[PDB]
Amino acid sequence: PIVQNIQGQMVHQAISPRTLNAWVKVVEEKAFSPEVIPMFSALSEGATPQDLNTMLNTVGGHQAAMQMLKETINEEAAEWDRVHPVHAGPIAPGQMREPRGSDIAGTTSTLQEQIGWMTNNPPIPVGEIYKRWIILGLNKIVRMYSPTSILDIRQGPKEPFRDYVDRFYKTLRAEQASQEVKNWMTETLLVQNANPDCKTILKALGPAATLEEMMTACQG
Amino acid sequence: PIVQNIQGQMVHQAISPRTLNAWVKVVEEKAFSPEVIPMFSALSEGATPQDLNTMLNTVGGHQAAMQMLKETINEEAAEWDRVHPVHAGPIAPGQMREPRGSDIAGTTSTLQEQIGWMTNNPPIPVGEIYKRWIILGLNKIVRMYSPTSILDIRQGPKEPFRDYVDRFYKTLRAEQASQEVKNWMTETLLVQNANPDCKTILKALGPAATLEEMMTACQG
Amino acid sequence: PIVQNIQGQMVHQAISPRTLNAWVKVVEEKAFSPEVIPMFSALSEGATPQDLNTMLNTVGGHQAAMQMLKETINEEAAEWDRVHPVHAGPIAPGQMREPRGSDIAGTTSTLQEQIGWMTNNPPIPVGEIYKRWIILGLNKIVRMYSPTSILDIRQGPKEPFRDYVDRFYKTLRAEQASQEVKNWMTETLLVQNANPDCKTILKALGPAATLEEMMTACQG
Amino acid sequence: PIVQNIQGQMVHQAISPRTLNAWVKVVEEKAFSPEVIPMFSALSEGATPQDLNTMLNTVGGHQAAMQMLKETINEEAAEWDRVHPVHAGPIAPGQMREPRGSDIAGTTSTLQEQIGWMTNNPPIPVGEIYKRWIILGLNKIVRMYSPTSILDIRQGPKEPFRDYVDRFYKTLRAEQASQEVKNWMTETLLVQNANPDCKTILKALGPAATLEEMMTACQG
Amino acid sequence: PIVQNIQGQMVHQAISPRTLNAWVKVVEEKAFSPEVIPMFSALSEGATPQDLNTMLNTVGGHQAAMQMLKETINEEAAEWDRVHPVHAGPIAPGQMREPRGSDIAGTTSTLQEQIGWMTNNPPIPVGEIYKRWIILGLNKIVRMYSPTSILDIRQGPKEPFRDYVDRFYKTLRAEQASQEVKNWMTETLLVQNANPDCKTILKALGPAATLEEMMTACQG
Amino acid sequence: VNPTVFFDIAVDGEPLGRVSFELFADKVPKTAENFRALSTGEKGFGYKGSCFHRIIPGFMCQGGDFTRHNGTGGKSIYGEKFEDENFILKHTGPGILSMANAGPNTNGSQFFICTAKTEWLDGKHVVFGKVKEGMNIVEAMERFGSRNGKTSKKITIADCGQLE
């Protein structure tokens with residue numbers, strides 16, 4: 001990835017082997033958790049499309065998920081070309097390159113072309129666009145890897161409220177929906193699926209009670 | 001490997017023991033799977049032919065694969081020498097003599113000569129050529145390690161669809177016959193070998209079905 | 001080692017604690033496997049005889065192997081001193097004297113004399129000769145650690161061809177025979193010592209047998 | 001169909017009756033087989049869209065195949081209209097306006113307009129475009145009239161190798177999924193489905209075996 | 001095929017449908033026999049490569065033989081390329097370029113280029129070369145279609161000499177060998193494989209007896 | 001934005017002059033990158049020390065066969081041959097730099113510099129650059145060629161590289 005170099009002139013610095021090893025280890029140890037998306041977004045800050053292609057090729061296993069990621073990248077490139085076609089217009093006095101769906105995906109774009117598109121003024125946000133595409137793909141993958149539906153989350157007879165709410169919020173974060181749907185679900189589904197012993201306790205507190213009040217109520 | 005300085009020039013640098021340790025560990029732990037070529041290309045960016053001969057000779061065990069790689073490098077060097085004959089006689093003062101195939105391999109040349117080739121004006125990319133040859137050899141090696149053929153894939157009555165598609169895409173990435181042939185295979189052989197119940201669930205969606213709906217159909 | 005400063009004079013630098021720790025660790029961890037010689041030649045690059053003597057002395061245990069290595073260094077120094085006369089008397093300024101065998105061994109010289117002999121014009125590869133002697137000694141050591149001979153390898157009835165050829169190439173790498181004799185061995189004994197089934201398979205394969213087609217034929 | 005004269009120019013010519021008779025006879029007598037497309041391409045060289053609509057409407061029987069061809073022509077015409085949009089503004093004096101997707105078929109245009117389109121300066125090949133569309137439709141028709149798939153081929157214990165390879169290559173030319181996939185199939189599926197005795201006779205020659213020796217092995 | 005047109009100017013005349021129907025009929029009844037090569041050479045006199053491709057595509061069935069023919073055409077094209085290299089560069093305005101190995105087979109050569117290569121002065125014998133290639137392929141195919149070898153031809157106890165000599169000479173003509181070998185083959189095999197009584201009858205005539213005397217010997 | 005490369009031409013080792021070329025990378029980018037990279041020699045192989053093997057007075061000067069030196073060879077930076085990128089630009093006059101080929105989609109490294117308008121080549125050879133400085137050096141080169149192309153003296157690319 002390119003980085004601000006002293007002084008004020010961005011030059012290309014190849015991806016460090018330690019970053020690739022950290023990525024391989026986090027994909028090996030954590031599989032495909034919701035948190036990987038932030039770890040991926042933070043490990044590849046300002047990365048050229050070639051670096052993101054390297055980081056997606058260095059993965060070991062989960063080839064089905066990588067295939068969905070590649071297909072969604074292709075779909076985003078296709079839609080991007082459809083949303084950004086060259087309509088006839090007077091030619092600009094200044095010419096700057098332009099990134100195609102295939103030029104953004106780093107397939108047919110040489111490293112020099114990407115460095116140009118990034119360091120030129122005004123900059124072309126090819127890296128951020130490809131990162132948005134990969135993040136959409138990773139969201140698809142992590143929502144697919146969900147073992148059970150959020151509607152099936154129910155507490156055991158003696159399962160403490162601690163592990164119950166932990167697992168429930170984990171599955172809810174892995175689940176995909178708008179924020180208002182989650183706001184309705186945390187009020188309609190959480191208290192209902194609790195164990196009756198502590199369900200009575202949560203009902204005694206009130207419907208609009210916060211999480212900490214219920215948690216300290218059923219505490220112990 | 002060469003590294004740029006503050007003023008922009010580059011000079012030889014001793015190979016880091018961490019790189020060699022990581023390479024040997026990943027070769028031992030991950031054997032010869034499709035995800036060794038990206039890590040190999042990432043570990044030895046800008047490495048001299050001596051460094052690549054180091055990274056290859058240092059691989060203990062799997063000597064048959066290393067012999068295959070050596071034979072492939074030998075054939076590539078012979079073809080390079082046949083396609084680019086070297087001139088005889090006195091060499092110009094401002095130009096260093098062009099390397100032969102056995103010298104592109106780095107077998108019969110000193111490190112200083114490699115550095116002079118890599119930092120010449122214009123620079124000669126011996127390291128990139130030998131890295132391309134090693135990558136081709138590693139592709140042939142991972143082709144050889146492929147456990148099963150692509151056609152013999154048939155899902156068991158109990159083997160889940162996730163494991164089936166995982167094995168399928170694993171041996172498909174290990175096949176690497178071509179790209180369009182791979183695209184035709186993932187359309188035909190993927191749906192041709194499903195378990196009858198989930199098979200007809202996938203046929204209910206027609207050939208226009210994508211992989212995501214293909215999986216969530218048999219899911220749950 | 002002697003790191004070459006960017007666009008400047010080459011500056012002497014003490015051996016890194018990281019380098020010495022990696023060296024002692026690989027010695028302790030892998031004993032004396034055939035790859036310790038490539039890894040040693042990798043770690044010690046451009047190092048003075050003082051650095052090489054330190055890297056040898058930090059080794060703990062295997063004192064028989066260490067004494068054999070020192071005896072090999074002594075024999076090489078004796079041969080060098082016998083086939084190279086040593087001049088004496090007043091020496092012109094700006095020109096170092098004739099390096100003796102005990103000096104190229106580093107047992108009777110100092111870091112100043114070593115750096116002087118490595119910076120002279122033309123340079124005298126004292127480090128590259130002492131490293132060659134150490135590699136000869138390490139080759140003798142790894143030949144001594146060879147558990148079984150090469151002519152006595154026989155494939156087990158159940159032991160697969162992959163494991164058989166792995167052991168065969170490991171013993172071949174450990175073997176001491178010249179490269180010209182080394183080729184005939186891997187051409188003949190490999191197919192002459194295998195199990196009868198794949199032996200007849202490779203016999204039907206006939207001449208021009210290469211490892212890749214051999215392993216693809218002995219499949220199953 | 002247009003025909004060149006002594007001076008070199010071409011003009012419309014009435015379609016010959018024993019061409020229509022030959023086409024109707026070959027369509028009925030041979031029904032649908034891979035060798036109807038070359039005959040069709042040879043019979044109607046330079047034919048106007050009216051002549052092709054004649055040769056298609058004249059085919060009595062097999063009305064389902066003709067409806068498939070009509071549907072394929074229909075979809076192809078729509079794609080041509082979508083890909084190129086007529087330009088607006090003043091038209092050059094030396095140039096006049098082009099045909100539409102439906103008029104390429106000749107459904108809503110007179111013969112004189114077809115002749116003017118075919119002999120314009122520069123000439124517009126409407127006949128060749130509609131012939132390509134009809135050839136694609138006939139390819140789909142001969143695909144449908146295939147009596148089996150490529151994978152189901154398994155030679156019987158008594159069925160000679162000649163009949164097996166004839167059936168194989170017949171349904172392979174009738175498959176037309178691709179060309180490189182065909183090249184992979186003729187290597188793998190051809191050798192994978194032989195009778196055990198002749199199967200191992202073919203395996204005696206290895207994968208390097210060509211078809212001639214492949215058949216003369218099982219011959220006699 | 002092109003034909004001499006009044007007066008003295010060869011112009012292109014497309015292949016007539018009656019010729020194609022005659023070819024389809026002779027490849028429907030005669031199928032593959034020794035007489036097909038002579039019939040093919042007479043039906044396609046002076047044919048452009050496109051006409052020969054049309055005549056080879058119209059054959060229905062016998063796909064293995066057509067594939068052998070295509071592969072032998074490719075082999076002859078490769079040999080022509082290896083013997084007649086084609087230099088790259090701009091062409092002269094008056095003369096045409098030297099046809100490559102694939103320009104003969106009409107694969108990438110437009111009809112106009114072939115017409116040019118044939119009508120130019122001096123003419124390029126592309127048609128005769130492609131005819132020689134197709135004739136080699138047809139000889140291969142008709143020597144393959146032989147049911148039994150010439151060594152297996154033996155007369156029955158009461159099978160008349162007429163049928164025996166007819167079948168023997170038919171198999172000998174279908175067989176492929178130099179005429180010099182056939183001169184010994186006839187004098188060694190014709191009399192030996194006959195019926196014992198007719199064997200003595202022919203041996204009474206002499207070893208160098210002609211065919212007509214040998215026939216009129218056992219006549220009736 | 002569009003790269004500019006130069007060639008210092010030599011006739012049997014006597015220096016003759018510098019021709020410099022503007023490569024139209026904004027319309028034919030892959031073709032222009034291949035000539036640029038072969039001129040710098042940055043990929044290891046290139047034009048420096050190759051010669052014009054075929055010079056036809058009033059038509060064009062052709063060169064670029066650095067492997068076989070006679071029009072039968074040369075290779076691109078993408079492999080030995082690649083596609084015809086496009087045919088936007090036409091052969092409009094002297095100084096146009098166009099790709100030689102052995103039919104369609106066979107571009108390697110051979111190029112030709114036109115010394116006349118050659119409209120018959122349009123649609124058959126990709127145009128990707130034009131002489132910027134040095135056209136009288138290209139014109140003087142014609143004198144060392146012949147009707148059939150054979151040149152009388154060795155005409156070499158003594159040095160070449162990128163300027164801008």
# chains A, B, ... in the order shown; residues from 1 in each chain; ligands from 1
call {"tool": "residues_around", "arguments": {"residues": "residue 21 (chain F)", "least_positions_apart": "4", "cutoff": "8 Å", "atoms": "only C-alpha atoms", "output": "PDB file with N, CA, C and O atoms, in the first residue's frame"}}
result
ATOM      1  N   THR F   4       6.767   9.615 -24.095  1.00  0.00           N
ATOM      2  CA  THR F   4       7.543   9.968 -25.263  1.00  0.00           C
ATOM      3  C   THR F   4       8.830   9.200 -25.230  1.00  0.00           C
ATOM      4  O   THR F   4       9.515   9.227 -24.209  1.00  0.00           O
ATOM      5  N   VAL F   5       9.201   8.508 -26.296  1.00  0.00           N
ATOM      6  CA  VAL F   5      10.405   7.711 -26.262  1.00  0.00           C
ATOM      7  C   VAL F   5      11.274   8.182 -27.394  1.00  0.00           C
ATOM      8  O   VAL F   5      10.786   8.868 -28.302  1.00  0.00           O
ATOM      9  N   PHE F   6      12.555   7.881 -27.371  1.00  0.00           N
ATOM     10  CA  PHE F   6      13.422   8.317 -28.460  1.00  0.00           C
ATOM     11  C   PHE F   6      14.218   7.136 -29.000  1.00  0.00           C
ATOM     12  O   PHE F   6      14.318   6.097 -28.323  1.00  0.00           O
ATOM     13  N   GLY F 129       1.219   5.694 -32.287  1.00  0.00           N
ATOM     14  CA  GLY F 129       2.148   6.758 -31.968  1.00  0.00           C
ATOM     15  C   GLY F 129       2.489   7.558 -33.222  1.00  0.00           C
ATOM     16  O   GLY F 129       2.046   7.181 -34.308  1.00  0.00           O
ATOM     17  N   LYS F 130       3.244   8.658 -33.124  1.00  0.00           N
ATOM     18  CA  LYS F 130       3.682   9.417 -34.288  1.00  0.00           C
ATOM     19  C   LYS F 130       5.018  10.029 -33.920  1.00  0.00           C
ATOM     20  O   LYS F 130       5.273  10.275 -32.736  1.00  0.00           O
ATOM     21  N   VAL F 131       5.864  10.297 -34.908  1.00  0.00           N
ATOM     22  CA  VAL F 131       7.137  10.984 -34.767  1.00  0.00           C
ATOM     23  C   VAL F 131       6.794  12.343 -34.214  1.00  0.00           C
ATOM     24  O   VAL F 131       5.787  12.933 -34.604  1.00  0.00           O
ATOM     25  N   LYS F 132       7.604  12.801 -33.280  1.00  0.00           N
ATOM     26  CA  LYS F 132       7.449  14.085 -32.621  1.00  0.00           C
ATOM     27  C   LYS F 132       8.587  14.950 -33.196  1.00  0.00           C
ATOM     28  O   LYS F 132       8.355  15.943 -33.887  1.00  0.00           O
ATOM     29  N   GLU F 133       9.854  14.569 -32.973  1.00  0.00           N
ATOM     30  CA  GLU F 133      11.046  15.282 -33.410  1.00  0.00           C
ATOM     31  C   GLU F 133      11.765  14.320 -34.364  1.00  0.00           C
ATOM     32  O   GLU F 133      11.627  13.109 -34.191  1.00  0.00           O
TER      33      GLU F 133
END
call {"tool": "select_by_dssp", "arguments": {"residues": "region 72-144 of chain F", "states": "helix (DSSP H, G or I)", "output": "list in words"}}
result
residues 119, 120, 121, 135, 136, 137, 138, 139, 140, 141 and 142 of chain F
call {"tool": "residues_around", "arguments": {"residues": "residue 93 (chain F)", "least_positions_apart": "3", "cutoff": "10 Å", "atoms": "only C-alpha atoms", "output": "PyMOL selection string"}}
result
chain F and resi 90+96-97+113-119+130
call {"tool": "closest_atom_pairs", "arguments": {"of": "chain B", "to": "chain C", "cutoff": "7 Å", "atoms": "only C-alpha atoms", "output": "tab-separated table"}}
result
residue	atom	partner	partner_atom	distance
B:5	CA	C:6	CA	6.7
B:10	CA	C:6	CA	6.9
B:11	CA	C:6	CA	6.0
B:14	CA	C:45	CA	6.7
B:17	CA	C:43	CA	6.3
B:54	CA	C:38	CA	6.5
B:57	CA	C:38	CA	6.5
B:58	CA	C:35	CA	5.3
B:60	CA	C:35	CA	6.0
B:61	CA	C:166	CA	6.6
B:62	CA	C:166	CA	5.8
B:63	CA	C:169	CA	5.6
B:64	CA	C:211	CA	6.6
B:68	CA	C:211	CA	6.7
B:144	CA	C:212	CA	7.0
call {"tool": "residues_around", "arguments": {"residues": "residue 116 (chain D)", "least_positions_apart": "5", "cutoff": "10 Å", "atoms": "only C-alpha atoms", "output": "PyMOL selection string"}}
result
chain D and resi 11-12+111+121+123-124
call {"tool": "residues_around", "arguments": {"residues": "residue 137 (chain B)", "least_positions_apart": "4", "cutoff": "9 Å", "atoms": "only C-alpha atoms", "output": "list in words"}}
result
residues 65, 66, 68, 69, 70, 71, 72, 73, 132, 133, 141 and 142 of chain B
call {"tool": "write_last_selection", "arguments": {"atoms": "N, CA, C and O atoms", "output": "PDB file, in the first residue's frame"}}
result
ATOM      1  N   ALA B  65       8.994 -33.102  -4.961  1.00  0.00           N
ATOM      2  CA  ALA B  65       8.444 -31.844  -5.448  1.00  0.00           C
ATOM      3  C   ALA B  65       9.549 -30.854  -5.785  1.00  0.00           C
ATOM      4  O   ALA B  65       9.469 -30.142  -6.797  1.00  0.00           O
ATOM      5  N   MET B  66      10.594 -30.797  -4.961  1.00  0.00           N
ATOM      6  CA  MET B  66      11.705 -29.902  -5.253  1.00  0.00           C
ATOM      7  C   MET B  66      12.454 -30.336  -6.506  1.00  0.00           C
ATOM      8  O   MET B  66      12.938 -29.486  -7.263  1.00  0.00           O
ATOM      9  N   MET B  68      11.001 -31.878  -9.079  1.00  0.00           N
ATOM     10  CA  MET B  68      10.113 -31.429 -10.147  1.00  0.00           C
ATOM     11  C   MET B  68      10.310 -29.946 -10.433  1.00  0.00           C
ATOM     12  O   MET B  68      10.367 -29.528 -11.598  1.00  0.00           O
ATOM     13  N   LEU B  69      10.402 -29.136  -9.380  1.00  0.00           N
ATOM     14  CA  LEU B  69      10.617 -27.706  -9.559  1.00  0.00           C
ATOM     15  C   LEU B  69      11.963 -27.428 -10.219  1.00  0.00           C
ATOM     16  O   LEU B  69      12.068 -26.550 -11.081  1.00  0.00           O
ATOM     17  N   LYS B  70      13.001 -28.173  -9.833  1.00  0.00           N
ATOM     18  CA  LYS B  70      14.306 -28.000 -10.454  1.00  0.00           C
ATOM     19  C   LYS B  70      14.269 -28.367 -11.932  1.00  0.00           C
ATOM     20  O   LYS B  70      14.865 -27.669 -12.759  1.00  0.00           O
ATOM     21  N   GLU B  71      13.564 -29.443 -12.284  1.00  0.00           N
ATOM     22  CA  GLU B  71      13.445 -29.830 -13.688  1.00  0.00           C
ATOM     23  C   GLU B  71      12.687 -28.774 -14.483  1.00  0.00           C
ATOM     24  O   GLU B  71      13.065 -28.445 -15.616  1.00  0.00           O
ATOM     25  N   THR B  72      11.607 -28.237 -13.912  1.00  0.00           N
ATOM     26  CA  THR B  72      10.866 -27.178 -14.587  1.00  0.00           C
ATOM     27  C   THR B  72      11.724 -25.935 -14.795  1.00  0.00           C
ATOM     28  O   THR B  72      11.696 -25.337 -15.879  1.00  0.00           O
ATOM     29  N   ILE B  73      12.491 -25.545 -13.776  1.00  0.00           N
ATOM     30  CA  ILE B  73      13.387 -24.399 -13.914  1.00  0.00           C
ATOM     31  C   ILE B  73      14.437 -24.676 -14.983  1.00  0.00           C
ATOM     32  O   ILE B  73      14.801 -23.784 -15.759  1.00  0.00           O
ATOM     33  N   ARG B 132       8.891 -15.954 -11.660  1.00  0.00           N
ATOM     34  CA  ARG B 132       7.856 -16.491 -12.535  1.00  0.00           C
ATOM     35  C   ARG B 132       8.087 -17.973 -12.803  1.00  0.00           C
ATOM     36  O   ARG B 132       7.145 -18.777 -12.794  1.00  0.00           O
ATOM     37  N   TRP B 133       9.344 -18.352 -13.045  1.00  0.00           N
ATOM     38  CA  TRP B 133       9.654 -19.763 -13.266  1.00  0.00           C
ATOM     39  C   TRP B 133       9.331 -20.599 -12.032  1.00  0.00           C
ATOM     40  O   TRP B 133       8.752 -21.688 -12.145  1.00  0.00           O
ATOM     41  N   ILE B 141       3.586 -28.369  -9.156  1.00  0.00           N
ATOM     42  CA  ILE B 141       3.674 -29.185  -7.951  1.00  0.00           C
ATOM     43  C   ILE B 141       2.311 -29.313  -7.284  1.00  0.00           C
ATOM     44  O   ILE B 141       1.903 -30.410  -6.879  1.00  0.00           O
ATOM     45  N   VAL B 142       1.584 -28.200  -7.148  1.00  0.00           N
ATOM     46  CA  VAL B 142       0.266 -28.257  -6.528  1.00  0.00           C
ATOM     47  C   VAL B 142      -0.718 -28.991  -7.433  1.00  0.00           C
ATOM     48  O   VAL B 142      -1.705 -29.563  -6.951  1.00  0.00           O
TER      49      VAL B 142
END
call {"tool": "select_by_dssp", "arguments": {"residues": "chain C", "states": "strand (DSSP E or B)", "output": "PyMOL selection string"}}
result
chain C and resi 2-4+10-12
call {"tool": "interface_residues", "arguments": {"of": "chain A", "to": "chain F", "cutoff": "9 Å", "atoms": "only C-alpha atoms", "output": "ChimeraX atom specification"}}
result
/A:95-97
call {"tool": "atom_distance", "arguments": {"atom1": "CA of residue 217 (chain E)", "atom2": "CA of residue 152 (chain E)"}}
result
23.9 Å
